[PDB]
file query_8.txt (compact mmCIF, C-alpha atoms and all ligand atoms)
# COMPACT_ATOMS: atom_id res chain seq x y z
CA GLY A 2 0.32 -5.94 13.77
CA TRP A 3 4.06 -5.63 13.20
CA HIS A 4 3.73 -5.01 9.44
CA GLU A 5 1.28 -2.13 9.84
CA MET A 6 3.01 -0.65 12.90
CA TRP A 7 6.38 -0.55 11.19
CA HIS A 8 4.90 0.79 7.95
CA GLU A 9 3.16 3.65 9.79
CA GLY A 10 6.10 4.23 12.12
CA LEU A 11 8.84 4.39 9.52
CA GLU A 12 6.77 6.84 7.50
CA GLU A 13 6.15 9.03 10.55
CA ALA A 14 9.74 8.86 11.80
CA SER A 15 10.90 9.87 8.33
CA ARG A 16 8.47 12.79 8.20
CA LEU A 17 9.89 14.02 11.49
CA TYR A 18 13.53 13.73 10.42
CA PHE A 19 13.43 14.68 6.73
CA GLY A 20 10.33 16.86 6.76
CA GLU A 21 10.78 18.62 10.09
CA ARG A 22 14.51 18.17 10.83
CA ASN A 23 13.60 16.63 14.20
CA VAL A 24 16.02 13.84 15.12
CA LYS A 25 14.64 13.46 18.66
CA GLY A 26 11.13 12.93 17.36
CA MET A 27 12.27 10.38 14.81
CA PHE A 28 14.16 8.45 17.52
CA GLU A 29 11.13 8.51 19.80
CA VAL A 30 9.00 6.93 17.08
CA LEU A 31 11.58 4.25 16.18
CA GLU A 32 12.78 3.17 19.61
CA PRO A 33 9.46 1.63 20.82
CA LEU A 34 9.16 -0.26 17.54
CA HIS A 35 12.58 -1.83 18.04
CA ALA A 36 11.77 -2.49 21.72
CA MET A 37 8.69 -4.54 20.85
CA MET A 38 10.86 -6.70 18.54
CA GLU A 39 12.93 -7.78 21.55
CA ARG A 40 10.29 -10.04 23.10
CA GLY A 41 10.48 -12.13 19.92
CA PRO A 42 7.74 -13.04 17.45
CA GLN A 43 4.71 -14.68 19.01
CA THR A 44 2.54 -15.37 15.94
CA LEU A 45 3.24 -16.96 12.58
CA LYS A 46 2.95 -13.56 10.90
CA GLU A 47 5.28 -11.89 13.42
CA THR A 48 7.71 -14.77 12.83
CA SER A 49 7.58 -14.21 9.08
CA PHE A 50 8.09 -10.48 9.69
CA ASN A 51 11.10 -11.15 11.90
CA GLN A 52 12.65 -13.57 9.39
CA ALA A 53 12.25 -11.08 6.56
CA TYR A 54 13.14 -7.80 8.25
CA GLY A 55 14.60 -8.53 11.69
CA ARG A 56 18.26 -8.42 10.67
CA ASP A 57 17.96 -5.21 8.63
CA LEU A 58 15.97 -3.48 11.37
CA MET A 59 18.53 -4.53 13.96
CA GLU A 60 21.29 -3.09 11.78
CA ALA A 61 19.37 0.15 11.23
CA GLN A 62 19.02 0.52 15.00
CA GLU A 63 22.78 0.05 15.35
CA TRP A 64 23.43 2.85 12.85
CA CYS A 65 21.03 5.11 14.77
CA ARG A 66 22.94 4.39 17.93
CA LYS A 67 26.26 5.06 16.18
CA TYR A 68 24.76 8.43 15.22
CA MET A 69 24.00 9.36 18.84
CA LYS A 70 27.71 8.89 19.56
CA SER A 71 29.27 10.37 16.40
CA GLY A 72 26.83 13.09 15.38
CA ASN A 73 27.87 12.16 11.84
CA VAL A 74 24.85 12.42 9.54
CA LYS A 75 26.41 9.67 7.39
CA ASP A 76 25.46 7.20 10.10
CA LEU A 77 21.81 8.30 9.93
CA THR A 78 21.89 8.02 6.15
CA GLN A 79 22.99 4.40 6.50
CA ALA A 80 20.16 3.75 8.96
CA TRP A 81 17.56 5.18 6.59
CA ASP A 82 18.91 3.20 3.66
CA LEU A 83 18.02 0.08 5.65
CA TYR A 84 14.71 1.39 7.01
CA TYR A 85 13.62 2.42 3.52
CA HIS A 86 14.40 -1.02 2.10
CA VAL A 87 12.29 -2.60 4.86
CA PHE A 88 9.54 -0.04 4.21
CA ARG A 89 9.44 -0.74 0.46
CA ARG A 90 9.19 -4.48 1.06
CA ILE A 91 6.40 -4.09 3.61
CA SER A 92 4.67 -1.76 1.14
CA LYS A 93 4.47 -4.55 -1.44
CA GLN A 94 1.74 -6.16 0.70
CA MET A 95 -0.29 -2.97 1.18
CA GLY A 96 -1.92 -0.29 -0.92
CA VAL A 97 -2.89 -1.81 -4.25
CA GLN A 98 -1.08 -4.62 -6.04
CA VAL A 99 -1.61 -5.00 -9.80
CA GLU A 100 -1.12 -8.46 -11.31
CA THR A 101 -1.60 -8.75 -15.07
CA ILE A 102 -4.10 -11.39 -16.17
CA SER A 103 -3.82 -10.60 -19.88
CA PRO A 104 -1.67 -7.86 -21.42
CA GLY A 105 -2.95 -4.68 -23.02
CA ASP A 106 -1.32 -2.72 -25.78
CA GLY A 107 1.37 -1.47 -23.39
CA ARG A 108 1.16 2.02 -24.87
CA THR A 109 -2.27 3.68 -24.32
CA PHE A 110 -2.84 4.74 -20.70
CA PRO A 111 -5.50 6.85 -18.93
CA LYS A 112 -4.91 10.60 -19.10
CA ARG A 113 -6.49 13.43 -17.16
CA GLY A 114 -9.97 14.29 -18.40
CA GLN A 115 -10.58 10.88 -20.00
CA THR A 116 -13.28 8.40 -19.04
CA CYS A 117 -12.17 4.81 -18.39
CA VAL A 118 -14.53 2.11 -19.69
CA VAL A 119 -13.98 -1.15 -17.83
CA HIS A 120 -15.41 -4.50 -16.90
CA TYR A 121 -14.87 -5.55 -13.30
CA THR A 122 -15.69 -8.27 -10.80
CA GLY A 123 -15.20 -7.45 -7.11
CA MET A 124 -14.66 -10.17 -4.52
CA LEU A 125 -13.87 -10.30 -0.85
CA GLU A 126 -10.47 -11.66 0.14
CA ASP A 127 -11.90 -15.19 0.44
CA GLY A 128 -13.27 -15.00 -3.11
CA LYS A 129 -16.94 -14.23 -2.48
CA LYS A 130 -18.12 -12.04 -5.34
CA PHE A 131 -19.92 -8.92 -4.15
CA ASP A 132 -20.47 -7.09 -7.46
CA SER A 133 -19.70 -7.42 -11.14
CA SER A 134 -20.39 -5.15 -14.10
CA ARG A 135 -20.18 -8.38 -16.11
CA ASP A 136 -23.42 -9.46 -14.41
CA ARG A 137 -25.14 -6.24 -15.50
CA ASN A 138 -23.86 -7.07 -19.02
CA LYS A 139 -22.54 -3.54 -19.49
CA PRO A 140 -19.22 -1.77 -18.88
CA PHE A 141 -18.60 0.54 -15.94
CA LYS A 142 -17.47 4.09 -16.75
CA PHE A 143 -15.63 6.52 -14.48
CA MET A 144 -12.92 9.19 -14.54
CA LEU A 145 -9.58 8.97 -12.74
CA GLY A 146 -7.94 11.66 -10.68
CA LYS A 147 -10.95 13.19 -8.93
CA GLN A 148 -11.48 10.70 -6.07
CA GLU A 149 -14.49 9.26 -7.89
CA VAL A 150 -13.38 5.73 -6.97
CA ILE A 151 -11.51 4.09 -4.08
CA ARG A 152 -7.78 4.77 -3.89
CA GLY A 153 -6.84 1.27 -5.03
CA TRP A 154 -8.66 1.91 -8.30
CA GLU A 155 -7.20 5.41 -8.65
CA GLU A 156 -3.68 4.01 -8.37
CA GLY A 157 -4.32 0.64 -10.00
CA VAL A 158 -6.27 1.48 -13.13
CA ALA A 159 -3.97 4.44 -13.88
CA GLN A 160 -1.21 1.84 -14.59
CA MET A 161 -3.23 -0.24 -17.06
CA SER A 162 -3.13 0.06 -20.84
CA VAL A 163 -6.16 -0.32 -23.10
CA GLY A 164 -6.98 -4.00 -23.49
CA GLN A 165 -5.24 -5.05 -20.28
CA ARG A 166 -6.89 -7.36 -17.77
CA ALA A 167 -5.42 -7.25 -14.28
CA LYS A 168 -6.10 -8.39 -10.73
CA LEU A 169 -6.13 -5.52 -8.19
CA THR A 170 -5.62 -6.58 -4.57
CA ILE A 171 -6.57 -3.58 -2.45
CA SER A 172 -5.87 -3.18 1.26
CA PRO A 173 -8.73 -1.76 3.38
CA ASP A 174 -6.87 1.57 3.71
CA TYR A 175 -7.15 1.89 -0.08
CA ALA A 176 -10.78 0.71 -0.18
CA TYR A 177 -13.54 1.16 2.43
CA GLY A 178 -11.48 1.08 5.64
CA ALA A 179 -13.08 0.58 9.03
CA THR A 180 -16.54 1.66 7.89
CA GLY A 181 -16.85 -0.66 4.94
CA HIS A 182 -19.93 -0.17 2.81
CA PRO A 183 -22.97 -1.24 4.83
CA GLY A 184 -24.80 -4.23 3.41
CA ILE A 185 -22.06 -5.06 0.89
CA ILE A 186 -18.49 -4.59 2.19
CA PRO A 187 -17.58 -5.47 5.82
CA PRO A 188 -15.21 -3.39 7.97
CA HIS A 189 -11.47 -3.79 7.34
CA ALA A 190 -12.02 -5.74 4.11
CA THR A 191 -9.22 -6.45 1.66
CA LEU A 192 -10.77 -6.42 -1.83
CA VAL A 193 -9.80 -8.23 -5.03
CA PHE A 194 -11.02 -6.83 -8.37
CA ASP A 195 -10.66 -8.48 -11.77
CA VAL A 196 -10.57 -5.41 -14.05
CA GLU A 197 -10.31 -5.13 -17.84
CA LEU A 198 -9.64 -1.71 -19.39
CA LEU A 199 -11.74 -1.72 -22.56
CA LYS A 200 -11.32 1.81 -23.91
CA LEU A 201 -10.74 5.47 -23.09
CA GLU A 202 -13.37 8.09 -23.93
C1 LIG B 301 -25.03 1.07 -8.31
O1 LIG B 301 -23.66 0.67 -8.25
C2 LIG B 301 -22.85 1.68 -7.65
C3 LIG B 301 -21.45 1.10 -7.50
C4 LIG B 301 -21.33 0.02 -6.41
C5 LIG B 301 -21.42 0.63 -5.02
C6 LIG B 301 -21.02 -0.42 -3.96
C7 LIG B 301 -19.63 -0.96 -4.26
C8 LIG B 301 -19.20 -2.03 -3.25
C9 LIG B 301 -19.57 -1.50 -5.69
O2 LIG B 301 -20.38 -2.67 -5.76
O3 LIG B 301 -20.02 -0.50 -6.61
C10 LIG B 301 -18.16 -1.81 -6.16
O4 LIG B 301 -17.92 -2.83 -6.77
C11 LIG B 301 -17.05 -0.91 -5.86
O5 LIG B 301 -16.43 -1.11 -4.83
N1 LIG B 301 -16.71 0.04 -6.73
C12 LIG B 301 -17.41 0.37 -7.98
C13 LIG B 301 -16.41 0.22 -9.13
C14 LIG B 301 -15.26 1.22 -8.94
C15 LIG B 301 -14.56 0.85 -7.63
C16 LIG B 301 -15.51 0.87 -6.43
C17 LIG B 301 -15.84 2.30 -6.09
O6 LIG B 301 -14.98 3.14 -5.90
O7 LIG B 301 -17.22 2.67 -6.00
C18 LIG B 301 -17.50 4.01 -5.57
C19 LIG B 301 -17.67 3.98 -4.05
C20 LIG B 301 -18.81 3.05 -3.65
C21 LIG B 301 -17.90 5.35 -3.40
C22 LIG B 301 -16.89 6.44 -3.74
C23 LIG B 301 -15.48 5.97 -3.39
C24 LIG B 301 -14.48 7.11 -3.58
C25 LIG B 301 -14.85 8.25 -2.64
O8 LIG B 301 -13.92 9.33 -2.75
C26 LIG B 301 -16.25 8.78 -2.94
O9 LIG B 301 -16.55 9.72 -1.92
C27 LIG B 301 -17.84 10.31 -2.06
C28 LIG B 301 -17.28 7.66 -2.90
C29 LIG B 301 -18.80 4.39 -6.26
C30 LIG B 301 -18.55 4.82 -7.69
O10 LIG B 301 -17.65 4.30 -8.36
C31 LIG B 301 -19.39 5.94 -8.25
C32 LIG B 301 -19.29 5.99 -9.77
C33 LIG B 301 -18.80 7.22 -7.67
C34 LIG B 301 -19.37 7.91 -6.67
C35 LIG B 301 -20.65 7.49 -6.02
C36 LIG B 301 -18.69 9.14 -6.15
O11 LIG B 301 -17.43 9.29 -6.81
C37 LIG B 301 -19.51 10.42 -6.32
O12 LIG B 301 -18.90 11.44 -5.50
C38 LIG B 301 -19.81 12.43 -5.04
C39 LIG B 301 -19.49 10.89 -7.74
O13 LIG B 301 -18.80 11.84 -8.08
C40 LIG B 301 -20.37 10.23 -8.77
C41 LIG B 301 -19.70 10.22 -10.14
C42 LIG B 301 -21.69 10.99 -8.82
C43 LIG B 301 -22.79 10.16 -9.48
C44 LIG B 301 -24.06 11.00 -9.54
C45 LIG B 301 -23.04 8.91 -8.67
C46 LIG B 301 -22.89 7.71 -9.24
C47 LIG B 301 -23.09 6.49 -8.47
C48 LIG B 301 -22.82 5.28 -8.97
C49 LIG B 301 -22.99 4.10 -8.13
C50 LIG B 301 -22.71 2.86 -8.57
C51 LIG B 301 -22.20 2.61 -9.96
call {"tool": "encode", "arguments": {"input": "query_8.txt", "output": "structure tokens", "more": "lines below"}}
Ligand SMILES: CO[C@H]1C[C@@H]2CC[C@@H](C)[C@@](O)(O2)C(=O)C(=O)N2CCCC[C@H]2C(=O)O[C@H]([C@H](C)C[C@@H]2CC[C@@H](O)[C@H](OC)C2)CC(=O)[C@H](C)/C=C(\C)[C@@H](O)[C@@H](OC)C(=O)[C@H](C)C[C@H](C)/C=C/C=C/C=C/1C
result
Amino acid sequence: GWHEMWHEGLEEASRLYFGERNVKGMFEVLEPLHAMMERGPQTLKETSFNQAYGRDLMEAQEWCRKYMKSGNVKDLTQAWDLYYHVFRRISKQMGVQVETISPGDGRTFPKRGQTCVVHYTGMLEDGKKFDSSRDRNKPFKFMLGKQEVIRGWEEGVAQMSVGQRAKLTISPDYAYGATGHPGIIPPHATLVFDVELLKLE
């Protein structure tokens, strides 16, 4: 929906402008996204999106249009300041979110080459548990940085200190995506893991 379309679109428009110096391409990504705003929100989530980001997106569009008439890059810079703020806020509900359950030592973090020793419980977004190392009564061990584990763990556990317990809420893009894991994880599943970093080996 609107959250995912704007997140993907802002990223791609920014790759075209900043990465490829292609203003026309960036415009052609942004303009349809603004156009679909104009019918108004039609779901509760689109309404929430509009309330949160509608005004800033409308202003960003106005700076873009000022740019087409001035050719002054300062007007585009003002547009992207707004688009980036919207992007960062949308991003807080995607990827992986780390919420501390109990603090760690705040000083010892995973480093390259080390093995993380953790306890975890994985649940679907509703709360149905699908796996737990705590049920096997033994810690799970893995290494970060080599795509051994889903992206939400790669990014989430890397931020935890030894002794920390944290809740990782992982969007499907950062977990098992459209395929899921047959027999365990459905397609397009947001996952919630209760993870405790026990030690580094
Ligand atoms: C019996 O229990 C399974 C774990 C189950 C599978 C099903 C899922 C619901 C789940 O229940 O775990 C689960 O809770 C889960 O989602 N996990 C496990 C805990 C870490 C986070 C997540 C995960 O990434 O699993 C991982 C997920 C399922 C698949 C990987 C996701 C990242 C992606 O890049 C990889 O592409 C290939 C595949 C599984 C793992 O954590 C194991 C450790 C890692 C792998 C299998 C791959 O990294 C593999 O790549 C060749 C390796 O290099 C390994 C070390 C080679 C050795 C011989 C294989 C070990 C296999 C161990 C299997 C184990 C303990």
call {"tool": "residues_around", "arguments": {"input": "query_8.txt", "residues": "residue A:5", "least_positions_apart": "3", "cutoff": "9 Å", "atoms": "all atoms listed in the file", "output": "list in words"}}
result
residues 2, 8, 9, 10, 91 and 95 of chain A
call {"tool": "residues_near_ligand", "arguments": {"input": "query_8.txt", "ligand": "ligand LIG 301 (chain B)", "cutoff": "7 Å", "atoms": "all atoms listed in the file", "output": "tab-separated table (two decimals) with C-alpha atoms, in the coordinates of the input"}}
result
chain	number	residue	atom	x	y	z
A	123	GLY	CA	-15.20	-7.45	-7.11
A	131	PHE	CA	-19.92	-8.92	-4.15
A	132	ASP	CA	-20.47	-7.09	-7.46
A	133	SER	CA	-19.70	-7.42	-11.14
A	143	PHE	CA	-15.63	6.52	-14.48
A	148	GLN	CA	-11.48	10.70	-6.07
A	149	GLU	CA	-14.49	9.26	-7.89
A	150	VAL	CA	-13.38	5.73	-6.97
A	151	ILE	CA	-11.51	4.09	-4.08
A	154	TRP	CA	-8.66	1.91	-8.30
A	182	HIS	CA	-19.93	-0.17	2.81
A	185	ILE	CA	-22.06	-5.06	0.89
A	186	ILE	CA	-18.49	-4.59	2.19
call {"tool": "atom_distance", "arguments": {"input": "query_8.txt", "atom1": "atom CA of residue A:194", "atom2": "atom CA of residue A:146"}}
result
18.9 Å
call {"tool": "closest_residue", "arguments": {"input": "query_8.txt", "among": "A:109, A:115, A:122, A:191", "to": "residue A:162", "atoms": "only C-alpha atoms"}}
result
A:109
call {"tool": "closest_atom_pairs", "arguments": {"input": "query_8.txt", "of": "stretch 88-196 of chain A", "to": "stretch 46-53 of chain A", "cutoff": "12 Å", "atoms": "all atoms listed in the file", "output": "JSON lines"}}
result
{"residue": "A:88", "atom": "CA", "partner": "A:53", "partner_atom": "CA", "distance": 11.6}
{"residue": "A:90", "atom": "CA", "partner": "A:53", "partner_atom": "CA", "distance": 9.1}
{"residue": "A:91", "atom": "CA", "partner": "A:50", "partner_atom": "CA", "distance": 9.0}
{"residue": "A:94", "atom": "CA", "partner": "A:50", "partner_atom": "CA", "distance": 11.8}
call {"tool": "closest_residue", "arguments": {"input": "query_8.txt", "among": "A:167, A:117, A:31, A:45", "to": "residue A:105", "atoms": "all atoms listed in the file"}}
result
A:167
call {"tool": "residues_around", "arguments": {"input": "query_8.txt", "residues": "stretch 172-179 of chain A", "least_positions_apart": "5", "cutoff": "7 Å", "atoms": "only C-alpha atoms", "output": "PyMOL selection string"}}
result
chain A and resi 95-97+151-153+188-192
call {"tool": "atom_distance", "arguments": {"input": "query_8.txt", "atom1": "atom CA of residue A:202", "atom2": "atom CA of residue A:141"}}
result
12.2 Å
call {"tool": "residues_near_point", "arguments": {"input": "query_8.txt", "point": "(7.9, -7.4, 16.2)", "cutoff": "8 Å", "atoms": "all atoms listed in the file", "output": "list in words"}}
result
residues 3, 34, 35, 37, 38, 39, 40, 41, 42, 47, 50 and 51 of chain A
call {"tool": "atom_distance", "arguments": {"input": "query_8.txt", "atom1": "atom CA of residue A:134", "atom2": "atom CA of residue A:119"}}
result
8.4 Å
call {"tool": "closest_residue", "arguments": {"input": "query_8.txt", "among": "A:198, A:99, A:58, A:14", "to": "residue A:156", "atoms": "all atoms listed in the file"}}
result
A:99
call {"tool": "closest_residue", "arguments": {"input": "query_8.txt", "among": "A:15, A:71, A:101, A:170", "to": "residue A:126", "atoms": "only C-alpha atoms"}}
result
A:170
call {"tool": "closest_residue", "arguments": {"input": "query_8.txt", "among": "A:61, A:161, A:17, A:11", "to": "residue A:77", "atoms": "only C-alpha atoms"}}
result
A:61
call {"tool": "closest_atom_pairs", "arguments": {"input": "query_8.txt", "of": "stretch 59-149 of chain A", "to": "stretch 19-23 of chain A", "cutoff": "12 Å", "atoms": "all atoms listed in the file", "output": "JSON lines"}}
result
{"residue": "A:74", "atom": "CA", "partner": "A:22", "partner_atom": "CA", "distance": 11.9}
{"residue": "A:77", "atom": "CA", "partner": "A:19", "partner_atom": "CA", "distance": 11.0}
{"residue": "A:78", "atom": "CA", "partner": "A:19", "partner_atom": "CA", "distance": 10.8}
{"residue": "A:81", "atom": "CA", "partner": "A:19", "partner_atom": "CA", "distance": 10.4}
call {"tool": "closest_residue", "arguments": {"input": "query_8.txt", "among": "A:26, A:55, A:157, A:111", "to": "residue A:4", "atoms": "all atoms listed in the file"}}
result
A:55
